[PDB]
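> Got a structure for you, questions after.
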Amino acid sequence: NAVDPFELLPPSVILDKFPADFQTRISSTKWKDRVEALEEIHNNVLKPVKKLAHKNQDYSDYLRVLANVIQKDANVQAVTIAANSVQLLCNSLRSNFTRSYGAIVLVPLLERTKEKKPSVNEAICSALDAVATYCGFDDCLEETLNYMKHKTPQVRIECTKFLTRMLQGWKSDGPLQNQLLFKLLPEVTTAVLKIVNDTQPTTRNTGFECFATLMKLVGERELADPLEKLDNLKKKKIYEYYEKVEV
Amino acid sequence: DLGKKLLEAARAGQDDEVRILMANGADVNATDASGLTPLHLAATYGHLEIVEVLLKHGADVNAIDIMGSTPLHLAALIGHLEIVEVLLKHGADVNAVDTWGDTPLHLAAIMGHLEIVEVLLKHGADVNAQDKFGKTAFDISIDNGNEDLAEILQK
Amino acid sequence: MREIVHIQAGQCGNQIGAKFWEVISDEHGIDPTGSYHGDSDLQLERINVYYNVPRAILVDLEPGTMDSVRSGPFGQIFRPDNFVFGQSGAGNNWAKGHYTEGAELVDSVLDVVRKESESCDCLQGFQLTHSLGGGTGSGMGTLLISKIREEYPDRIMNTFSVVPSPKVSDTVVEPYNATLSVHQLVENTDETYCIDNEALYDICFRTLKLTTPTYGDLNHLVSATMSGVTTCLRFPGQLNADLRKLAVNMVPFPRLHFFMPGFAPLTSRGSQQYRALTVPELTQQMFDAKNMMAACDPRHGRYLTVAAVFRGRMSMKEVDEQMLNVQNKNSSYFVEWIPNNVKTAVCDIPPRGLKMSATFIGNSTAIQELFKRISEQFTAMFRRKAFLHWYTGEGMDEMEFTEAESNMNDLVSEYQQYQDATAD
Amino acid sequence: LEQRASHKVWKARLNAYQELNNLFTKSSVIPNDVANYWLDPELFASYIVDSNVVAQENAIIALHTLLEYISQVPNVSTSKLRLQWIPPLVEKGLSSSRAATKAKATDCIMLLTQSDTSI
Ligand SMILES: Nc1nc2c(ncn2[C@@H]2O[C@H](COP(=O)(O)OP(=O)(O)O)[C@@H](O)[C@H]2O)c(=O)[nH]1
Ligand SMILES: [Mg+2]
């Protein structure tokens with residue numbers, strides 16, 4: 001007995017909804033112009049709907065201006081309401097963000113994990129979770145690693161927590177020649193150890209989960225090689241999470 | 001609603017447009033969401049002519065809101081000495097209490113409005129009045145290192 | 001660990017900031033043109049710390065402040081590029097300084113910070129002067145701090161933050177601004193000197209007998225304190241030499257890094273002090289709460305760590321004796337579970353116009369009194385929800401106030417915990 | 001080196017069999033190209049008939065742990081293995097007078113029997 005996708009429900013189109021005074025309001029110098037412009041389409045145009053139009057709808061003009069703010073916009077509020085827009089698209093339009101869409105917002109989002117305001121990290125991470133659950137691990141696996149290597153302490157801990165989030169919901173079943181194994185020891189492990197051996201404890205402690213969520217996926221015997229090279233003292237922290245963690 | 005426009009004006013402080021709205025018979029004691037009359041709002045933000053205009057048109061000088069705040073509370077909190085004496089002259093409740101147990105004397109003492117403290121005191125403020133936690137205006141001066149206020153409270 | 005980048009933000013920031021540069025320029029023998037007319041090597045021994053010309057960046061949304069600095073005495077010395085100023089002012093709105101207007105400008109400032117850091121042999125850390133009840137010094141300063149913290153996480157962040165008091169400005173939104181700013185400093189700075197205007201007025205009024213203190217009068221006490229606490233940093237010396245070592249021996253718990261500064265002797269603006277004090281007299285200006293720049297009673301709490309800086313020619317033998325004395329004769333006031341928590345250092349070059357002086361940096365749990373005052377004023381204001389539409393209009397959420405309120409109260413509780421702690 | 005598994009002296013072959021037995025515990029489930037004791041099964045067919053009773057038994061317990069390290073995917077090449085291996089295992093492992101040399105040879109055949117589709 002197979003199940004249904006409830007997604008069969010007819011789709012809705014939002015392109016006609018946008019107003020003429022939208023592009024200039026988002027591309028304005030006055031912060032409240034931008035905020036209201038974004039906030040309007042979120043509360044009026046996206047939040048109501050429950051399924052966007054798959055057929056013949058190009059959002060990669062709208063999505064690249066959400067990225068422009070999420071990355072560069074100095075107003076943390078305009079970021080927050082934008083990443084919640086990005087999530088809504090990726091959520092109400094599942095199976096759309098194959099590359100052009102997903103990749104247009106991916107590396108901007110990972111840059112902005114730098115934000116430490118709880119509400120904002122909430123919105124950015126949850127949107128990263130959206131682009132992941134419908135594009136995992138297309139571009140994110142590689143680019144997530146890149147930003148674990150980044151200089152800002154916050155982006156390290158948050159992009160590593162991201163790999164942890166993704167890894168718990170990592171999916172089967174090809175052969176064991178998925179993108180995770182092709183780059184497992186070469187890249188994933190070499191980069192997770194950089195987190196495990198960070199100067200900060202709160203950083204290191206994210207690596208300890210992100211390594212014990214890794215062993216859970218790919219066998220505590222396969223990775224016993226870099227386990228030995230690790231401190232006996234760090235080892236029992238890694239094992240601590242291994243015993244609690246589920247994927 | 002004409003009672004809601006009179007709140008917008010009395011708050012933001014457009015002295016002239018109060019007279020316009022009141023000449024259209026607006027409710028002088030119109031309540032907003034949280035029970036705040038225009039007299040509350042003008043007394044918070046220091047619009048002396050708007051206070052005296054509303055009072056002489058029959059504004060409830062001792063009106064409370066959803067939290068038991070009278071306009072004299074809010075004037076003594078923010079520190080509007082001009083308005084405090086206008087309210088008191090129009091029969092304000094010098095020893096009014098709000099939901100947290102504070103009197104206007106509590107708020108003027110906490111915010112360091114020594115000039116308003118003395119005015120309230122001379123209108124028969126309760127110096128020994130306590131709040132929820134059990135603290136008087138005198139305890140606040142002891143707790144807040146304000147020897148200038150301790151002397152003004154025992155005068 | 002050599003160079004220090006200095007920043008001043010807001011009106012107060014640039015006022016006590018410039019005053020500080022006035023004081024230590026003289027002490028190091030620099031004229032307003034930027035030329036050495038001293039007569040000692042101990043003056044240019046560690047001039048590379050604060051100078052290149054000052055390593056100072058001047059910041060304000062208020063453009064007028066620009067001129068108030070340059071039209072001052074040592075206003076000519078500051079690098080023209082290091083002036084970074086906005087068009088309008090923040091108007092006592094922390095949200096405008098932290099989220100809206102101050103955020104738009106903060107990039108320009110970081111560009112200059114980068115420029116000055118770029119040409120440093122080995123950076124120590126940063127030094128920000130600002131007021132906490134304002135909109136710019138508090139809102140944009142704390143935003144600047146975080147922005148540096150993440151761009152320079154391997155460096156120290158050291159602030160001279162001045163606390164608002166009704167005795168100096170009757171603006172009632174200052175409790176909001178200062179509470180929001182303390183919520184930042186406890187997470188973003190390694191060490192913070194708490195300059196309390198309440199205490200500066202109480203010293204100018206009661207001890208110095210000035211019936212109306214001006215800013216200049218309060219700023220005199222501040223600039224003299226700053227040169228005192230930075231004496232170790234600016235002259236050769238074994239103890240508390242660099243910013244990190246200082247914080248290492250001053251801050252036992254990361255959140256409890258709010259120092260109660262105080263120094264002696266207390267002088268007026270250019271008055272004469274006949275008979276220079278003796279070593280035991282200076283030492284007895286430590287517990288003397290009338291010398292604390294923060295309005296707190298050290299008697300009402302316990303010292304976690306203490307740094308003493310004696311300036312002038314005097315007996316190192318006698319200073320050691322007096323400090324070893326005053327510690328054990330008040331043994332119940334110094335925490336027992338941190339042995340040798342008081343540290344003393346001497347510098348032979350005295351402060352300007354005085355033969356001897358002594359500055360008393362202390363991590364005292366009594367500082368909770370200061371945060372109590374701010375929180376009660378904040379809560380009184382916040383429970384009636386006054387002036388919230390200012391902050392919320394600039395994109396802030398009402399929740400933030402609750403979090404800052406709660407976070408400051410956790411900070412007060414923590415101080416109370418370690419005060420009641422026992423070694424047993 | 002590994003090529004010492006066919007060295008003249010017995011105690012050096014005895015090492016390589018222990019070295020191998022570690023390899024099959026400690027190496028990769030997916031498996032290193034160094035794990036090429038499948039596509040030349042003549043190697044272990046030789047090792048099982050070692051010409052030294054002590055180094056023989058150690059080759060059989062290396063074959064044994066090899067032959068259970070191979071219960072990971074994809075090893076459909078167990079047909080070739082039974083042909084090459086159980087005749088040496090039967091002829092000279094079951095044959096053996098040695099308690100442990102025999103017991104592990106039977107266990108090996110077991111593991112080759114369940115590699116197969118049937119008996
Ligand atoms: N000690 C001292 N305090 C000041 C000075 N100027 C302002 N303040 C205090 O700082 C607060 C006002 O903030 P201010 O720095 O003027 O606003 P900003 O320009 O937006 O940072 C109030 O608590 C004032 O008492 C000064 O020159 N010296
Ligand atoms: Mg200002």
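Residue names in the structure tokens use chain letters A, B, ... in the order shown, residue numbers from 1 in each chain, and ligand numbers from 1 in the order shown.
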Could I get the residue neighbourhood of ligand 1 at 6 Å, counting only C-alpha atoms and all ligand atoms, as a PyMOL selection string?

chain C and resi 10-12+15+90+92+131+133-138+164-165+168-169+197+215+218-219

> Got a sec to pull out which chain A residues are within 8 Å of chain D, counting only C-alpha atoms, and send them as a count of residues only?

3

> Would you list the contacts of residue 103 in chain D as a list in words, taking every protein, DNA or RNA residue within 10 Å and counting only C-alpha atoms, but skipping same-chain residues closer than 3 positions in sequence?

residues 57, 60, 61, 93, 94, 96, 98, 99, 100, 106, 107 and 108 of chain D

> Of the candidates C:396, C:233, C:42, C:239, which one gets nearest to chain A if we count only C-alpha atoms?

C:396

> Leaving out residue 201 in chain A and any residue of its chain fewer than 4 positions from it, which residues lie within 12 Å of it when counting only C-alpha atoms, given as a short mmCIF file (atom, residue, chain, number, x, y, z; two decimals) with C-alpha atoms, in the first residue's frame?


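The result, written out as selection_16.cif:
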```
data_model
loop_
_atom_site.label_atom_id
_atom_site.label_comp_id
_atom_site.auth_asym_id
_atom_site.auth_seq_id
_atom_site.Cartn_x
_atom_site.Cartn_y
_atom_site.Cartn_z
CA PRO A 153 33.60 32.13 14.73
CA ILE A 157 29.55 26.91 14.59
CA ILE A 195 35.76 22.24 14.08
CA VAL A 196 36.53 19.51 16.62
CA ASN A 197 39.96 21.13 17.19
CA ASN A 205 31.34 21.11 21.13
CA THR A 206 29.38 21.51 17.89
CA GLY A 207 32.04 19.47 16.10
CA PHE A 208 31.71 16.76 18.74
CA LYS A 234 38.14 14.72 23.14
CA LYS A 237 33.15 13.83 24.42
#
```

> Would you work out the distance separating CA of residue 101 in chain C from CA of residue 47 in chain B, expressed in Å to one decimal?

27.8 Å

> What's the separation between CA of residue 4 in chain B and CA of residue 37 in chain B, in Å to one decimal place?

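Result for CA of residue 4 in chain B versus CA of residue 37 in chain B: 9.7 Å, one decimal.
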
> Tell me which protein, DNA and RNA residues are within 12 Å of residue 128 in chain B, counting only C-alpha atoms, leaving out same-chain ones fewer than 6 positions away, and put them as a ChimeraX atom specification.

/B:95,102-103,105-106,121,134-140,153-154

> Could you pull out all residues of range 203-377 of chain C with a DSSP call of strand (DSSP E or B) and give them as a ChimeraX atom specification?

/C:258-260,262-264,292,303-311,334,342-347,357-364

> For CA of residue 184 in chain C and CA of residue 224 in chain C, quote the distance in Å rounded to one decimal.

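A separation of 26.5 Å between them.
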
> Return as a PDB file with N, CA, C and O atoms, in the first residue's frame the residues belonging to chain A that are within 12 Å of chain C, counting only C-alpha atoms.


```
ATOM      1  N   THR A  29      17.033  53.539  -0.440  1.00  0.00           N
ATOM      2  CA  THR A  29      17.972  53.861   0.627  1.00  0.00           C
ATOM      3  C   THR A  29      17.307  53.880   1.991  1.00  0.00           C
ATOM      4  O   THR A  29      17.971  53.645   3.008  1.00  0.00           O
ATOM      5  N   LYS A  30      16.006  54.149   2.025  1.00  0.00           N
ATOM      6  CA  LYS A  30      15.263  54.204   3.272  1.00  0.00           C
ATOM      7  C   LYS A  30      14.912  52.784   3.695  1.00  0.00           C
ATOM      8  O   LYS A  30      14.238  52.056   2.958  1.00  0.00           O
ATOM      9  N   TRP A  31      15.391  52.395   4.876  1.00  0.00           N
ATOM     10  CA  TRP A  31      15.210  51.030   5.357  1.00  0.00           C
ATOM     11  C   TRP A  31      13.736  50.643   5.419  1.00  0.00           C
ATOM     12  O   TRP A  31      13.372  49.512   5.076  1.00  0.00           O
ATOM     13  N   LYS A  32      12.870  51.563   5.860  1.00  0.00           N
ATOM     14  CA  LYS A  32      11.465  51.211   6.042  1.00  0.00           C
ATOM     15  C   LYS A  32      10.763  50.983   4.710  1.00  0.00           C
ATOM     16  O   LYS A  32       9.791  50.222   4.649  1.00  0.00           O
ATOM     17  N   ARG A  34      12.234  49.389   2.149  1.00  0.00           N
ATOM     18  CA  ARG A  34      12.601  48.004   1.879  1.00  0.00           C
ATOM     19  C   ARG A  34      11.817  47.038   2.759  1.00  0.00           C
ATOM     20  O   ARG A  34      11.243  46.060   2.267  1.00  0.00           O
ATOM     21  N   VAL A  35      11.807  47.290   4.070  1.00  0.00           N
ATOM     22  CA  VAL A  35      11.123  46.406   5.014  1.00  0.00           C
ATOM     23  C   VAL A  35       9.665  46.235   4.622  1.00  0.00           C
ATOM     24  O   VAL A  35       9.183  45.115   4.421  1.00  0.00           O
ATOM     25  N   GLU A  36       8.945  47.351   4.503  1.00  0.00           N
ATOM     26  CA  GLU A  36       7.534  47.288   4.144  1.00  0.00           C
ATOM     27  C   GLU A  36       7.341  46.547   2.826  1.00  0.00           C
ATOM     28  O   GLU A  36       6.492  45.656   2.727  1.00  0.00           O
ATOM     29  N   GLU A  39       7.976  42.964   3.619  1.00  0.00           N
ATOM     30  CA  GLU A  39       6.968  42.538   4.584  1.00  0.00           C
ATOM     31  C   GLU A  39       5.580  42.444   3.960  1.00  0.00           C
ATOM     32  O   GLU A  39       4.765  41.614   4.382  1.00  0.00           O
ATOM     33  N   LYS A  72      23.757  41.289   1.773  1.00  0.00           N
ATOM     34  CA  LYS A  72      24.376  42.600   1.938  1.00  0.00           C
ATOM     35  C   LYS A  72      23.538  43.614   2.705  1.00  0.00           C
ATOM     36  O   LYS A  72      24.101  44.606   3.180  1.00  0.00           O
ATOM     37  N   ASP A  73      22.230  43.411   2.838  1.00  0.00           N
ATOM     38  CA  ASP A  73      21.389  44.468   3.388  1.00  0.00           C
ATOM     39  C   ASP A  73      21.742  44.708   4.847  1.00  0.00           C
ATOM     40  O   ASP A  73      21.742  43.780   5.660  1.00  0.00           O
ATOM     41  N   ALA A  74      22.047  45.965   5.175  1.00  0.00           N
ATOM     42  CA  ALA A  74      22.502  46.299   6.519  1.00  0.00           C
ATOM     43  C   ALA A  74      21.397  46.187   7.558  1.00  0.00           C
ATOM     44  O   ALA A  74      21.697  46.128   8.755  1.00  0.00           O
ATOM     45  N   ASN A  75      20.136  46.158   7.138  1.00  0.00           N
ATOM     46  CA  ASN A  75      19.022  46.082   8.073  1.00  0.00           C
ATOM     47  C   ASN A  75      18.775  44.622   8.423  1.00  0.00           C
ATOM     48  O   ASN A  75      18.291  43.843   7.594  1.00  0.00           O
ATOM     49  N   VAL A  76      19.123  44.253   9.656  1.00  0.00           N
ATOM     50  CA  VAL A  76      18.907  42.895  10.143  1.00  0.00           C
ATOM     51  C   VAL A  76      17.431  42.513  10.071  1.00  0.00           C
ATOM     52  O   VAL A  76      17.097  41.338   9.872  1.00  0.00           O
ATOM     53  N   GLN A  77      16.526  43.484  10.241  1.00  0.00           N
ATOM     54  CA  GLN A  77      15.099  43.201  10.120  1.00  0.00           C
ATOM     55  C   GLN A  77      14.737  42.796   8.694  1.00  0.00           C
ATOM     56  O   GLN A  77      13.988  41.833   8.485  1.00  0.00           O
ATOM     57  N   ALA A  78      15.266  43.515   7.700  1.00  0.00           N
ATOM     58  CA  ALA A  78      14.978  43.178   6.310  1.00  0.00           C
ATOM     59  C   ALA A  78      15.564  41.826   5.932  1.00  0.00           C
ATOM     60  O   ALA A  78      15.023  41.140   5.060  1.00  0.00           O
ATOM     61  N   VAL A  79      16.671  41.436   6.566  1.00  0.00           N
ATOM     62  CA  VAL A  79      17.188  40.079   6.406  1.00  0.00           C
ATOM     63  C   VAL A  79      16.182  39.065   6.936  1.00  0.00           C
ATOM     64  O   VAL A  79      15.799  38.118   6.238  1.00  0.00           O
ATOM     65  N   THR A  80      15.760  39.241   8.193  1.00  0.00           N
ATOM     66  CA  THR A  80      14.878  38.277   8.849  1.00  0.00           C
ATOM     67  C   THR A  80      13.629  38.006   8.020  1.00  0.00           C
ATOM     68  O   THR A  80      13.276  36.850   7.765  1.00  0.00           O
ATOM     69  N   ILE A  81      12.956  39.068   7.571  1.00  0.00           N
ATOM     70  CA  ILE A  81      11.724  38.894   6.815  1.00  0.00           C
ATOM     71  C   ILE A  81      11.996  38.381   5.405  1.00  0.00           C
ATOM     72  O   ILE A  81      11.079  37.885   4.742  1.00  0.00           O
ATOM     73  N   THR A 113      24.740  33.502   8.478  1.00  0.00           N
ATOM     74  CA  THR A 113      24.713  32.824   9.771  1.00  0.00           C
ATOM     75  C   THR A 113      25.552  33.561  10.808  1.00  0.00           C
ATOM     76  O   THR A 113      25.377  33.332  12.011  1.00  0.00           O
ATOM     77  N   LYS A 114      26.469  34.423  10.355  1.00  0.00           N
ATOM     78  CA  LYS A 114      27.201  35.342  11.221  1.00  0.00           C
ATOM     79  C   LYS A 114      26.293  36.091  12.190  1.00  0.00           C
ATOM     80  O   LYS A 114      26.734  36.475  13.280  1.00  0.00           O
ATOM     81  N   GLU A 115      25.035  36.316  11.815  1.00  0.00           N
ATOM     82  CA  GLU A 115      24.119  37.052  12.674  1.00  0.00           C
ATOM     83  C   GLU A 115      23.839  36.259  13.943  1.00  0.00           C
ATOM     84  O   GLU A 115      23.511  35.070  13.887  1.00  0.00           O
ATOM     85  N   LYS A 116      23.977  36.921  15.090  1.00  0.00           N
ATOM     86  CA  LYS A 116      23.815  36.276  16.383  1.00  0.00           C
ATOM     87  C   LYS A 116      22.500  36.616  17.072  1.00  0.00           C
ATOM     88  O   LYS A 116      22.174  35.981  18.081  1.00  0.00           O
ATOM     89  N   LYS A 117      21.758  37.603  16.577  1.00  0.00           N
ATOM     90  CA  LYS A 117      20.439  37.901  17.120  1.00  0.00           C
ATOM     91  C   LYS A 117      19.551  36.669  17.004  1.00  0.00           C
ATOM     92  O   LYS A 117      19.308  36.192  15.884  1.00  0.00           O
ATOM     93  N   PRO A 118      19.077  36.111  18.124  1.00  0.00           N
ATOM     94  CA  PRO A 118      18.318  34.847  18.072  1.00  0.00           C
ATOM     95  C   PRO A 118      17.231  34.791  17.009  1.00  0.00           C
ATOM     96  O   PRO A 118      17.130  33.793  16.286  1.00  0.00           O
ATOM     97  N   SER A 119      16.403  35.834  16.907  1.00  0.00           N
ATOM     98  CA  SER A 119      15.332  35.833  15.913  1.00  0.00           C
ATOM     99  C   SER A 119      15.885  35.683  14.501  1.00  0.00           C
ATOM    100  O   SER A 119      15.261  35.044  13.647  1.00  0.00           O
ATOM    101  N   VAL A 120      17.050  36.271  14.238  1.00  0.00           N
ATOM    102  CA  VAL A 120      17.596  36.285  12.887  1.00  0.00           C
ATOM    103  C   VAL A 120      18.261  34.956  12.557  1.00  0.00           C
ATOM    104  O   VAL A 120      18.069  34.401  11.469  1.00  0.00           O
ATOM    105  N   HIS A 150      35.516  29.063   7.539  1.00  0.00           N
ATOM    106  CA  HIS A 150      35.480  30.512   7.432  1.00  0.00           C
ATOM    107  C   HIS A 150      35.995  31.149   8.720  1.00  0.00           C
ATOM    108  O   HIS A 150      36.034  30.522   9.780  1.00  0.00           O
ATOM    109  N   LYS A 151      36.403  32.415   8.618  1.00  0.00           N
ATOM    110  CA  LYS A 151      37.151  33.029   9.710  1.00  0.00           C
ATOM    111  C   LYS A 151      36.248  33.444  10.871  1.00  0.00           C
ATOM    112  O   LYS A 151      36.641  33.313  12.036  1.00  0.00           O
ATOM    113  N   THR A 152      35.056  33.961  10.578  1.00  0.00           N
ATOM    114  CA  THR A 152      34.114  34.330  11.631  1.00  0.00           C
ATOM    115  C   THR A 152      33.807  33.128  12.523  1.00  0.00           C
ATOM    116  O   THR A 152      33.454  32.056  12.014  1.00  0.00           O
ATOM    117  N   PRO A 153      33.966  33.251  13.845  1.00  0.00           N
ATOM    118  CA  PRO A 153      33.598  32.128  14.726  1.00  0.00           C
ATOM    119  C   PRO A 153      32.153  31.681  14.571  1.00  0.00           C
ATOM    120  O   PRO A 153      31.880  30.475  14.559  1.00  0.00           O
ATOM    121  N   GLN A 154      31.215  32.627  14.453  1.00  0.00           N
ATOM    122  CA  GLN A 154      29.797  32.273  14.441  1.00  0.00           C
ATOM    123  C   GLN A 154      29.425  31.463  13.204  1.00  0.00           C
ATOM    124  O   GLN A 154      28.655  30.500  13.298  1.00  0.00           O
ATOM    125  N   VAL A 155      29.941  31.840  12.031  1.00  0.00           N
ATOM    126  CA  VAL A 155      29.586  31.093  10.828  1.00  0.00           C
ATOM    127  C   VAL A 155      30.123  29.669  10.902  1.00  0.00           C
ATOM    128  O   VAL A 155      29.513  28.743  10.355  1.00  0.00           O
ATOM    129  N   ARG A 156      31.259  29.465  11.570  1.00  0.00           N
ATOM    130  CA  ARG A 156      31.780  28.116  11.756  1.00  0.00           C
ATOM    131  C   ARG A 156      30.804  27.254  12.545  1.00  0.00           C
ATOM    132  O   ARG A 156      30.401  26.177  12.095  1.00  0.00           O
ATOM    133  N   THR A 199      39.646  26.594  18.632  1.00  0.00           N
ATOM    134  CA  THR A 199      40.112  27.229  19.860  1.00  0.00           C
ATOM    135  C   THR A 199      38.987  27.396  20.874  1.00  0.00           C
ATOM    136  O   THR A 199      39.233  27.336  22.085  1.00  0.00           O
ATOM    137  N   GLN A 200      37.754  27.606  20.407  1.00  0.00           N
ATOM    138  CA  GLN A 200      36.626  27.851  21.300  1.00  0.00           C
ATOM    139  C   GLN A 200      35.957  26.541  21.712  1.00  0.00           C
ATOM    140  O   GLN A 200      35.878  25.604  20.912  1.00  0.00           O
TER     141      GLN A 200
END
```

> Can you list every residue in range 5-241 of chain A that DSSP puts in helix (DSSP H, G or I), as a ChimeraX atom specification?

/A:6-8,15-17,20-26,31-46,63-72,76-92,100-112,118-133,140-148,153-168,179-182,184-196,201-218,224-229,232-241

> Give me, as a VMD selection string, all polymer residues having an atom no more than 12 Å from residue 18 in chain D, counting only C-alpha atoms and skipping those fewer than 3 positions away in the same chain.

chain D and resid 2 4 to 5 11 to 15 21 to 25 54 to 66

> Produce a file of the selected residues containing N, CA and C atoms, as a JSON list (two decimals), in the first residue's frame.


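Below you can see part35.json, which holds the result:
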```json
[["chain", "number", "residue", "atom", "x", "y", "z"],
["D", 2, "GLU", "N", 54.13, -6.93, 2.65],
["D", 2, "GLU", "CA", 53.10, -7.96, 2.53],
["D", 2, "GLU", "C", 53.62, -9.16, 1.76],
["D", 4, "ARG", "N", 56.03, -10.71, 2.03],
["D", 4, "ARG", "CA", 56.67, -11.65, 2.95],
["D", 4, "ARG", "C", 55.71, -12.77, 3.37],
["D", 5, "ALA", "N", 54.44, -12.70, 2.97],
["D", 5, "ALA", "CA", 53.49, -13.79, 3.20],
["D", 5, "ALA", "C", 53.87, -15.07, 2.46],
["D", 11, "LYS", "N", 58.35, -17.93, 10.32],
["D", 11, "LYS", "CA", 57.90, -16.94, 11.30],
["D", 11, "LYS", "C", 57.64, -15.58, 10.67],
["D", 12, "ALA", "N", 58.11, -15.36, 9.45],
["D", 12, "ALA", "CA", 57.79, -14.15, 8.71],
["D", 12, "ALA", "C", 56.49, -14.28, 7.93],
["D", 13, "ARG", "N", 56.17, -15.48, 7.47],
["D", 13, "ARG", "CA", 54.82, -15.73, 6.95],
["D", 13, "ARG", "C", 53.79, -15.64, 8.07],
["D", 14, "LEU", "N", 54.12, -16.18, 9.25],
["D", 14, "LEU", "CA", 53.21, -16.14, 10.39],
["D", 14, "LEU", "C", 52.81, -14.70, 10.73],
["D", 15, "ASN", "N", 53.73, -13.75, 10.57],
["D", 15, "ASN", "CA", 53.39, -12.34, 10.73],
["D", 15, "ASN", "C", 52.33, -11.91, 9.72],
["D", 21, "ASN", "N", 44.93, -10.71, 9.09],
["D", 21, "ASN", "CA", 43.78, -10.86, 9.97],
["D", 21, "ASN", "C", 43.39, -9.55, 10.64],
["D", 22, "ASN", "N", 44.37, -8.69, 10.92],
["D", 22, "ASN", "CA", 44.05, -7.33, 11.37],
["D", 22, "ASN", "C", 43.37, -6.54, 10.26],
["D", 23, "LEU", "N", 43.97, -6.51, 9.07],
["D", 23, "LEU", "CA", 43.43, -5.81, 7.91],
["D", 23, "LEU", "C", 41.94, -6.07, 7.74],
["D", 24, "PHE", "N", 41.51, -7.32, 7.89],
["D", 24, "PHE", "CA", 40.11, -7.63, 7.61],
["D", 24, "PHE", "C", 39.19, -7.28, 8.76],
["D", 25, "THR", "N", 39.72, -7.14, 9.98],
["D", 25, "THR", "CA", 38.96, -6.50, 11.05],
["D", 25, "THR", "C", 38.93, -4.99, 10.88],
["D", 54, "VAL", "N", 51.77, -24.25, 12.43],
["D", 54, "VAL", "CA", 51.43, -23.08, 13.24],
["D", 54, "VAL", "C", 51.08, -21.89, 12.34],
["D", 55, "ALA", "N", 51.87, -21.66, 11.29],
["D", 55, "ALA", "CA", 51.56, -20.59, 10.36],
["D", 55, "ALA", "C", 50.41, -20.94, 9.43],
["D", 56, "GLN", "N", 50.10, -22.22, 9.27],
["D", 56, "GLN", "CA", 48.88, -22.61, 8.57],
["D", 56, "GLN", "C", 47.65, -22.14, 9.33],
["D", 57, "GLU", "N", 47.51, -22.59, 10.58],
["D", 57, "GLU", "CA", 46.38, -22.22, 11.42],
["D", 57, "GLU", "C", 46.16, -20.71, 11.45],
["D", 58, "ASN", "N", 47.25, -19.93, 11.43],
["D", 58, "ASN", "CA", 47.11, -18.48, 11.43],
["D", 58, "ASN", "C", 46.62, -17.96, 10.08],
["D", 59, "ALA", "N", 46.92, -18.67, 8.99],
["D", 59, "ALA", "CA", 46.37, -18.29, 7.70],
["D", 59, "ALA", "C", 44.88, -18.59, 7.61],
["D", 60, "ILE", "N", 44.43, -19.66, 8.28],
["D", 60, "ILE", "CA", 43.02, -20.04, 8.22],
["D", 60, "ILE", "C", 42.17, -19.05, 9.01],
["D", 61, "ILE", "N", 42.68, -18.56, 10.14],
["D", 61, "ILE", "CA", 41.93, -17.58, 10.92],
["D", 61, "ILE", "C", 42.03, -16.19, 10.30],
["D", 62, "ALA", "N", 43.01, -15.96, 9.43],
["D", 62, "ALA", "CA", 42.99, -14.76, 8.59],
["D", 62, "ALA", "C", 41.99, -14.92, 7.46],
["D", 63, "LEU", "N", 41.97, -16.09, 6.82],
["D", 63, "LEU", "CA", 40.93, -16.38, 5.83],
["D", 63, "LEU", "C", 39.55, -16.30, 6.47],
["D", 64, "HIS", "N", 39.41, -16.79, 7.70],
["D", 64, "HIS", "CA", 38.12, -16.78, 8.38],
["D", 64, "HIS", "C", 37.58, -15.37, 8.55],
["D", 65, "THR", "N", 38.40, -14.46, 9.07],
["D", 65, "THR", "CA", 37.93, -13.10, 9.28],
["D", 65, "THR", "C", 37.83, -12.32, 7.97],
["D", 66, "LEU", "N", 38.72, -12.60, 7.02],
["D", 66, "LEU", "CA", 38.48, -12.16, 5.65],
["D", 66, "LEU", "C", 37.10, -12.61, 5.20]]
```

> Please return, as a ChimeraX atom specification, all residues of chain B lying within 9 Å of chain C when only C-alpha atoms are considered.

/B:44-45,67,69,74,77-79,100,107,110-113,143-146

> Please list as a list in words every residue within 10 Å of residue 46 in chain D, counting only C-alpha atoms and excluding residues in the same chain fewer than 2 positions away.

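Those residues are residues 6, 41, 42, 43, 44, 48, 49, 50, 51, 56, 59, 84, 85 and 88 of chain D.
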